[PDB]
file input29.txt (compact mmCIF, C-alpha atoms)
# COMPACT_ATOMS: atom_id res chain seq x y z
CA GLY A 1 98.06 65.53 59.05
CA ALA A 2 95.05 63.43 59.95
CA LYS A 3 95.54 59.95 61.37
CA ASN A 4 97.91 61.07 64.09
CA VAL A 5 95.50 62.59 66.57
CA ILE A 6 92.57 60.21 66.83
CA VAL A 7 95.11 57.42 66.55
CA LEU A 8 96.65 58.47 69.85
CA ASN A 9 93.25 58.05 71.48
CA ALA A 10 93.10 54.58 70.02
CA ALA A 11 96.21 53.66 71.95
CA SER A 12 94.48 54.59 75.19
CA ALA A 13 91.58 52.27 74.39
CA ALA A 14 93.94 49.34 74.01
CA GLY A 15 95.33 50.11 77.44
CA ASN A 16 91.94 49.84 79.13
CA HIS A 17 91.43 46.38 77.67
CA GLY A 18 88.76 44.10 79.13
CA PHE A 19 90.78 41.66 81.22
CA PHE A 20 91.91 43.15 84.53
CA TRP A 21 90.12 46.41 83.78
CA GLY A 22 86.86 44.59 83.15
CA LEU A 23 87.06 42.96 86.56
CA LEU A 24 87.40 46.32 88.29
CA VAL A 25 84.09 47.71 87.04
CA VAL A 26 82.15 44.58 87.95
CA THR A 27 83.72 44.31 91.38
CA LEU A 28 83.00 47.89 92.31
CA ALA A 29 79.35 47.44 91.41
CA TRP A 30 79.00 44.36 93.60
CA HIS A 31 80.57 46.02 96.63
CA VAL A 32 78.02 48.80 96.80
CA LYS A 33 75.44 46.08 97.48
CA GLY A 34 75.55 46.60 101.22
CA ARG A 35 76.11 50.30 100.61
CA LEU A 36 72.89 50.42 98.64
CA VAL A 37 70.48 49.53 101.47
CA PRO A 38 71.44 52.42 103.92
CA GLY A 39 71.53 54.77 100.98
CA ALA A 40 67.93 53.96 100.16
CA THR A 41 66.58 55.38 103.43
CA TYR A 42 66.21 59.17 103.36
CA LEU A 43 63.20 61.42 103.84
CA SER A 44 62.75 65.08 103.02
CA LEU A 45 63.83 64.99 99.39
CA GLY A 46 60.71 65.82 97.39
CA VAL A 47 61.94 68.74 95.25
CA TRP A 48 64.84 70.08 97.26
CA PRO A 49 67.35 68.33 94.91
CA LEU A 50 65.37 69.22 91.80
CA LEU A 51 65.95 72.94 92.28
CA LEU A 52 69.65 72.34 91.77
CA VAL A 53 68.70 70.25 88.75
CA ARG A 54 66.70 73.19 87.48
CA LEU A 55 69.93 74.94 86.54
CA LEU A 56 70.91 71.76 84.67
CA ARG A 57 67.42 71.18 83.26
CA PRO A 58 67.44 73.85 80.42
CA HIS A 59 70.69 72.45 79.01
CA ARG A 60 72.31 74.03 75.97
CA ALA A 61 74.62 72.51 73.37
CA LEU A 62 76.05 75.72 71.96
CA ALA A 63 76.95 76.70 75.51
CA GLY B 1 72.58 62.48 60.56
CA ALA B 2 76.09 63.88 60.86
CA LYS B 3 74.80 66.59 63.18
CA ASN B 4 72.79 66.25 66.37
CA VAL B 5 75.28 63.59 67.42
CA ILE B 6 78.19 65.89 68.13
CA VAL B 7 75.66 68.43 69.36
CA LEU B 8 74.56 66.04 72.07
CA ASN B 9 78.12 65.85 73.36
CA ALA B 10 78.26 69.62 73.57
CA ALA B 11 75.25 69.57 75.87
CA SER B 12 77.29 67.51 78.30
CA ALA B 13 79.95 70.23 78.27
CA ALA B 14 77.32 72.75 79.32
CA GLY B 15 76.61 70.60 82.35
CA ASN B 16 80.26 70.85 83.37
CA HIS B 17 80.09 74.64 83.23
CA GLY B 18 79.62 75.38 86.91
CA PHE B 19 81.97 77.44 89.08
CA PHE B 20 81.42 74.85 91.79
CA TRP B 21 82.77 72.16 89.51
CA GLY B 22 85.88 74.22 88.86
CA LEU B 23 86.52 74.54 92.58
CA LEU B 24 86.75 70.77 93.00
CA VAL B 25 89.91 70.42 90.93
CA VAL B 26 91.82 72.87 93.10
CA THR B 27 90.99 71.13 96.38
CA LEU B 28 92.15 67.74 95.21
CA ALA B 29 95.43 69.16 93.97
CA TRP B 30 96.20 70.92 97.24
CA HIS B 31 95.42 67.90 99.42
CA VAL B 32 97.70 65.50 97.61
CA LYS B 33 100.70 67.58 98.70
CA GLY B 34 101.01 65.63 101.93
CA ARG B 35 100.19 62.41 100.10
CA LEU B 36 103.15 62.91 97.80
CA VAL B 37 106.02 62.88 100.37
CA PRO B 38 105.12 59.46 101.98
CA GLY B 39 104.73 58.02 98.50
CA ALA B 40 108.30 58.93 97.64
CA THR B 41 109.74 56.59 100.29
CA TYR B 42 111.26 53.79 98.24
CA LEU B 43 110.48 50.92 100.56
CA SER B 44 110.63 47.40 99.14
CA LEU B 45 109.86 47.87 95.46
CA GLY B 46 112.96 48.85 93.50
CA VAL B 47 112.58 46.73 90.34
CA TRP B 48 109.52 44.66 91.19
CA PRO B 49 107.23 47.42 89.71
CA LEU B 50 109.14 47.66 86.44
CA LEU B 51 108.43 44.07 85.43
CA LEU B 52 104.75 44.98 85.48
CA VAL B 53 105.59 48.10 83.47
CA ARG B 54 107.01 45.99 80.68
CA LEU B 55 103.51 44.77 79.88
CA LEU B 56 102.39 48.41 79.84
CA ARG B 57 105.47 49.63 77.93
CA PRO B 58 104.49 48.38 74.38
CA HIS B 59 101.23 50.27 74.74
CA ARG B 60 99.60 48.43 71.86
CA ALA B 61 97.03 50.36 69.83
CA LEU B 62 95.65 47.70 67.53
CA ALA B 63 93.16 46.46 70.09
CA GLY C 1 79.97 52.01 58.14
CA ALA C 2 80.17 55.64 59.20
CA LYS C 3 77.14 56.78 61.17
CA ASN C 4 77.09 53.51 63.11
CA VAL C 5 79.81 54.92 65.33
CA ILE C 6 79.29 58.54 66.25
CA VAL C 7 75.64 57.64 66.79
CA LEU C 8 76.71 55.11 69.39
CA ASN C 9 78.47 57.88 71.31
CA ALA C 10 75.31 59.95 71.24
CA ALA C 11 73.46 57.16 73.00
CA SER C 12 75.91 57.45 75.87
CA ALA C 13 75.08 61.13 76.18
CA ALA C 14 71.43 60.26 76.68
CA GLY C 15 72.47 58.04 79.55
CA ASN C 16 74.11 60.98 81.30
CA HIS C 17 70.87 62.93 80.99
CA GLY C 18 69.67 61.98 84.46
CA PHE C 19 68.90 64.18 87.44
CA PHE C 20 70.73 61.71 89.63
CA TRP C 21 73.91 62.06 87.61
CA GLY C 22 73.80 65.85 87.80
CA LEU C 23 73.34 65.71 91.55
CA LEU C 24 76.47 63.63 92.09
CA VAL C 25 78.88 66.06 90.46
CA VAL C 26 77.57 69.04 92.39
CA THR C 27 77.65 67.10 95.63
CA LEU C 28 81.24 65.98 95.20
CA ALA C 29 82.39 69.55 94.80
CA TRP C 30 80.74 70.60 98.05
CA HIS C 31 82.29 67.79 100.07
CA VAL C 32 85.86 68.86 99.47
CA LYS C 33 84.99 72.07 101.31
CA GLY C 34 86.49 70.91 104.58
CA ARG C 35 89.27 69.14 102.72
CA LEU C 36 90.33 72.39 101.07
CA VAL C 37 91.29 74.27 104.28
CA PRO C 38 93.97 71.76 105.62
CA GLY C 39 95.44 71.61 102.15
CA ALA C 40 96.07 75.35 102.22
CA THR C 41 98.30 75.05 105.29
CA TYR C 42 101.53 73.22 104.54
CA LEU C 43 104.30 75.52 103.40
CA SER C 44 106.56 73.23 101.41
CA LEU C 45 107.34 71.80 98.00
CA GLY C 46 108.88 75.11 96.96
CA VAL C 47 110.92 74.07 93.90
CA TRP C 48 110.80 70.30 94.21
CA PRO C 49 107.43 69.93 92.34
CA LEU C 50 108.19 72.30 89.48
CA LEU C 51 111.17 70.26 88.27
CA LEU C 52 108.88 67.32 87.58
CA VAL C 53 106.49 69.71 85.87
CA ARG C 54 109.28 70.82 83.58
CA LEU C 55 108.98 67.55 81.69
CA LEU C 56 105.22 68.15 81.53
CA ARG C 57 105.48 71.87 80.74
CA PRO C 58 106.54 71.61 77.00
CA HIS C 59 103.67 69.21 76.29
CA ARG C 60 103.07 67.86 72.80
CA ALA C 61 100.25 66.31 70.79
CA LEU C 62 102.69 64.08 68.95
CA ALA C 63 103.34 61.83 71.93
CA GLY D 1 92.73 52.82 58.84
CA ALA D 2 89.85 55.19 58.21
CA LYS D 3 86.84 53.62 59.88
CA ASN D 4 88.85 51.79 62.52
CA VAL D 5 89.97 54.41 64.98
CA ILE D 6 86.53 55.85 65.59
CA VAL D 7 85.23 52.30 65.63
CA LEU D 8 87.45 51.48 68.58
CA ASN D 9 85.89 54.29 70.59
CA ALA D 10 82.49 52.81 69.88
CA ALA D 11 83.61 49.54 71.38
CA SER D 12 84.41 51.30 74.63
CA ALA D 13 80.85 52.59 74.78
CA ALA D 14 79.56 49.05 74.59
CA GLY D 15 81.67 48.18 77.60
CA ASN D 16 80.05 50.90 79.70
CA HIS D 17 76.60 49.53 78.95
CA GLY D 18 75.81 46.95 81.59
CA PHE D 19 73.40 45.85 84.30
CA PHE D 20 75.51 45.87 87.47
CA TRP D 21 77.46 48.89 86.26
CA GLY D 22 74.30 50.96 85.85
CA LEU D 23 73.12 50.37 89.40
CA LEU D 24 76.26 51.79 90.94
CA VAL D 25 75.87 55.23 89.37
CA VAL D 26 72.33 55.79 90.61
CA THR D 27 73.12 54.63 94.12
CA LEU D 28 76.12 56.86 94.49
CA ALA D 29 74.23 59.96 93.47
CA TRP D 30 71.46 59.68 96.07
CA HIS D 31 73.86 58.46 98.76
CA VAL D 32 76.02 61.57 98.72
CA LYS D 33 72.92 63.26 100.15
CA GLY D 34 74.36 63.25 103.67
CA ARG D 35 77.72 64.48 102.40
CA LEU D 36 76.02 67.57 100.99
CA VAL D 37 74.67 69.11 104.25
CA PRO D 38 78.10 69.30 106.05
CA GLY D 39 79.51 70.79 102.88
CA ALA D 40 77.09 73.69 103.07
CA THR D 41 78.65 74.99 106.29
CA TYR D 42 80.49 78.10 105.09
CA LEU D 43 83.04 78.42 107.87
CA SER D 44 85.42 81.14 106.74
CA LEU D 45 84.74 80.71 103.02
CA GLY D 46 82.98 83.94 102.14
CA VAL D 47 85.22 85.00 99.25
CA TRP D 48 88.78 84.20 100.28
CA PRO D 49 88.63 80.86 98.30
CA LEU D 50 87.56 82.73 95.17
CA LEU D 51 90.93 84.41 94.70
CA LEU D 52 92.44 81.01 93.98
CA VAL D 53 89.56 80.41 91.58
CA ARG D 54 90.63 83.47 89.62
CA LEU D 55 93.53 81.46 88.21
CA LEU D 56 90.96 78.92 87.00
CA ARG D 57 88.55 81.65 85.83
CA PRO D 58 90.29 82.62 82.48
CA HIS D 59 90.12 78.98 81.43
CA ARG D 60 91.26 79.79 77.91
CA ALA D 61 90.25 77.19 75.33
CA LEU D 62 93.40 77.78 73.32
CA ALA D 63 95.41 75.53 75.60
CA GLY E 1 77.60 75.53 63.96
CA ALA E 2 80.43 73.38 62.66
CA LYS E 3 83.33 74.83 64.63
CA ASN E 4 81.48 75.40 67.88
CA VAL E 5 80.53 71.95 69.07
CA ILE E 6 83.95 70.35 69.02
CA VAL E 7 85.30 73.70 70.14
CA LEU E 8 83.34 73.44 73.36
CA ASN E 9 85.07 70.15 74.13
CA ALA E 10 88.43 71.79 73.57
CA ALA E 11 87.63 74.30 76.28
CA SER E 12 87.18 71.47 78.74
CA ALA E 13 90.56 70.07 77.74
CA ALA E 14 92.28 73.38 78.40
CA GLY E 15 90.80 73.41 81.87
CA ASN E 16 92.23 69.99 82.62
CA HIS E 17 95.68 71.17 81.58
CA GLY E 18 97.44 73.18 84.25
CA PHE E 19 100.07 73.27 86.98
CA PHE E 20 98.27 72.10 90.12
CA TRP E 21 96.22 69.57 88.18
CA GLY E 22 99.34 67.86 86.86
CA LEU E 23 100.61 67.25 90.37
CA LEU E 24 97.51 65.28 91.29
CA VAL E 25 98.12 62.52 88.77
CA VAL E 26 101.68 61.85 89.91
CA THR E 27 100.85 61.79 93.60
CA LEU E 28 97.99 59.35 93.29
CA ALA E 29 100.20 56.96 91.38
CA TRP E 30 103.02 57.18 93.92
CA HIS E 31 100.73 56.72 96.92
CA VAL E 32 99.23 53.46 95.72
CA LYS E 33 102.72 51.96 95.78
CA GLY E 34 102.27 50.65 99.29
CA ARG E 35 98.64 49.94 98.49
CA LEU E 36 99.69 47.60 95.69
CA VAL E 37 101.62 45.07 97.83
CA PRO E 38 98.69 43.99 100.19
CA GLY E 39 96.50 43.66 97.14
CA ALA E 40 98.86 41.08 95.69
CA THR E 41 98.32 38.78 98.66
CA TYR E 42 94.90 37.20 98.27
CA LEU E 43 93.88 33.60 98.71
CA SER E 44 91.52 32.05 96.22
CA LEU E 45 90.03 33.89 93.25
CA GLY E 46 92.64 32.34 90.99
CA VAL E 47 90.52 30.24 88.64
CA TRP E 48 86.81 30.75 89.30
CA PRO E 49 85.87 34.50 88.95
CA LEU E 50 87.31 34.51 85.44
CA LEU E 51 84.44 32.46 84.06
CA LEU E 52 82.06 35.32 84.78
CA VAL E 53 84.63 37.61 83.18
CA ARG E 54 84.55 35.34 80.15
CA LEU E 55 81.17 36.80 79.24
CA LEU E 56 82.88 40.22 79.12
CA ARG E 57 85.94 38.89 77.25
CA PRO E 58 84.37 38.58 73.70
CA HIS E 59 83.25 42.20 73.92
CA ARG E 60 81.40 43.93 71.11
CA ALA E 61 80.84 47.31 69.48
CA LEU E 62 77.45 46.90 67.84
CA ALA E 63 75.96 48.64 70.85
CA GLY F 1 90.78 75.54 62.47
CA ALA F 2 89.97 71.92 61.74
CA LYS F 3 93.18 70.35 63.00
CA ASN F 4 93.43 72.13 66.32
CA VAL F 5 90.47 71.15 68.44
CA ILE F 6 91.16 67.44 68.10
CA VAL F 7 94.84 68.27 68.48
CA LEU F 8 94.20 69.52 72.00
CA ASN F 9 92.76 66.12 72.93
CA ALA F 10 95.89 64.43 71.67
CA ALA F 11 97.90 66.53 74.08
CA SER F 12 95.91 65.08 76.96
CA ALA F 13 96.79 61.58 75.81
CA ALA F 14 100.46 62.45 76.08
CA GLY F 15 99.90 63.23 79.74
CA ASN F 16 98.60 59.72 80.35
CA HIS F 17 101.74 58.27 78.80
CA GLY F 18 103.49 57.58 82.07
CA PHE F 19 104.48 54.29 83.67
CA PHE F 20 103.35 55.70 86.99
CA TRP F 21 99.86 56.08 85.59
CA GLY F 22 99.91 52.46 84.50
CA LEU F 23 100.65 51.34 88.04
CA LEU F 24 97.48 52.96 89.35
CA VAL F 25 95.03 50.99 87.19
CA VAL F 26 96.51 47.62 88.07
CA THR F 27 96.63 48.46 91.75
CA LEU F 28 92.97 49.36 91.89
CA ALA F 29 92.04 46.12 90.19
CA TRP F 30 94.02 43.97 92.61
CA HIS F 31 92.59 45.64 95.71
CA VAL F 32 88.96 45.11 94.81
CA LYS F 33 89.43 41.33 94.96
CA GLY F 34 88.64 41.34 98.66
CA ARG F 35 85.79 43.77 98.04
CA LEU F 36 84.13 41.36 95.61
CA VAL F 37 83.40 38.48 98.04
CA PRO F 38 81.46 40.53 100.76
CA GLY F 39 79.42 42.09 97.99
CA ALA F 40 78.23 38.67 96.93
CA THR F 41 76.62 38.03 100.31
CA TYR F 42 73.89 40.55 101.09
CA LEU F 43 70.11 40.48 100.81
CA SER F 44 67.69 39.14 98.21
CA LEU F 45 66.01 41.88 96.19
CA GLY F 46 65.75 40.66 92.60
CA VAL F 47 63.14 43.30 91.71
CA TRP F 48 64.74 46.41 93.18
CA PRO F 49 67.49 46.77 90.48
CA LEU F 50 65.57 45.78 87.37
CA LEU F 51 62.93 48.40 88.02
CA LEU F 52 65.65 51.05 87.88
CA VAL F 53 67.31 49.59 84.77
CA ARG F 54 63.92 49.31 83.13
CA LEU F 55 63.75 53.08 82.82
CA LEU F 56 67.16 52.90 81.12
CA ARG F 57 66.23 49.82 79.09
CA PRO F 58 64.05 51.51 76.34
CA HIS F 59 66.89 53.92 75.65
CA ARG F 60 66.50 56.85 73.28
CA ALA F 61 69.71 58.09 71.71
CA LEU F 62 67.40 60.74 70.30
CA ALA F 63 68.11 62.63 73.50
call {"tool": "encode", "arguments": {"input": "input29.txt", "output": "structure tokens"}}
result
Amino acid sequence: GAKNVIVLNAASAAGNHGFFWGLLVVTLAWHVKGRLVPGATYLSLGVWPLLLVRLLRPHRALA
Amino acid sequence: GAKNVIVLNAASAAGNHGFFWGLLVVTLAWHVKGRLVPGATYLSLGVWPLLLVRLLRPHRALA
Amino acid sequence: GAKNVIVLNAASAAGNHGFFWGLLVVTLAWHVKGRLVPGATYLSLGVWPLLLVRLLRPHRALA
Amino acid sequence: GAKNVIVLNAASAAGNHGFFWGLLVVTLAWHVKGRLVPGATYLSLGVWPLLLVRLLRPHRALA
Amino acid sequence: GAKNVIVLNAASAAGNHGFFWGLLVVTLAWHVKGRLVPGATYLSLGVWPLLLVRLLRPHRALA
Amino acid sequence: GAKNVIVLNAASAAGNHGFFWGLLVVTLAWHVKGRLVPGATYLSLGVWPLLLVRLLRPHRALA
């Protein structure tokens, strides 16, 4: 009653692998290249987003 | 040390805690309804898929 | 080796700690707003979905 | 296989750490900016949606 | 708090488990069926992108 | 108790165990092939990304 829980997780890790799966992460990052430039332009965003963050900002482990 | 580490993970959980976040799961589930029926159509792919599955089927865990 | 593992996970948690990351999750939830209403209207999949769920319903950590 | 299962998880964390991969997360968060304003429109969403949320509301960590 | 940190994670897991949520996973998989066939057809990228992937292939865990 | 929290996670892993799920990961990887080449051709920044990563670069798992 121990190595039968975490072990299951281990199986998932094998599935992800680094071959085909590795390619997917790299490819996605490259594609957003063009996406990145339009995204950059945007005014009126000084603290408006931060207020939402304020809820997040205190944080609490023992939530 | 042993602590602080796991504690940090808990903080992430706090971030998740947000009624808005909960709402997102429901919307995705409802939308897929329509997606599901077209998917069922068994066009040209009776056994072709399964060969790929064989690689997946062992589900190694040694990694 | 012992702490040179869980500690590594903790480092990932620090990475999450970013206002930008927090903003993305909240934003995604809001977007599905419009998506949610069409999903509601369908009227179908009465008993057809549940049968599949039956396999899923017992669930088990053994796997 | 004591220190082997947890170790595997650590390896996954290494995979996440990257240059190109990091850029994608930041870009996506700011970009959704535009998506957020349309989302705000509360067209017939006063409280009706919440009833569905009630199912989600108990949560129950017992699972 | 020993049994409070990990416990928080468990709560998240319970939330993931459900009826509507289960449906989402199956539908997404079925839908990509048709998506998969066009993907297969792609000229070039047979033996050239892999070299970049090679850097990823050794992988590590000493992150 | 001790063997209960982690046990819940194991249950999630069982859910993944599904050939259909396996199909989705491979499909996504194949599709991005085409996405990868357009990404390669864009603009010449060179300094725009590194500045962002630089903030990330010191790292502080002591979050």
call {"tool": "interface_residues", "arguments": {"input": "input29.txt", "of": "chain F", "to": "chain A", "cutoff": "6 Å", "atoms": "only C-alpha atoms", "output": "PyMOL selection string"}}
result
chain F and resi 10+29+35-36+39
call {"tool": "residues_around", "arguments": {"input": "input29.txt", "residues": "residue E:51", "least_positions_apart": "5", "cutoff": "12 Å", "atoms": "all atoms listed in the file", "output": "list in words"}}
result
residues 19 and 23 of chain A; 45, 46, 56 and 57 of chain E
call {"tool": "atom_distance", "arguments": {"input": "input29.txt", "atom1": "atom CA of residue A:18", "atom2": "atom CA of residue E:53"}}
result
8.7 Å
call {"tool": "atom_distance", "arguments": {"input": "input29.txt", "atom1": "atom CA of residue B:60", "atom2": "atom CA of residue A:13"}}
result
9.2 Å
call {"tool": "atom_distance", "arguments": {"input": "input29.txt", "atom1": "atom CA of residue D:49", "atom2": "atom CA of residue C:40"}}
result
10.1 Å
call {"tool": "axis_aligned_box", "arguments": {"input": "input29.txt", "around": "stretch 38-41 of chain E", "padding_each_side": "8 Å", "output": "lines of an AutoDock Vina configuration file"}}
result
center_x = 97.7
center_y = 41.4
center_z = 97.9
size_x = 18.4
size_y = 21.2
size_z = 20.5
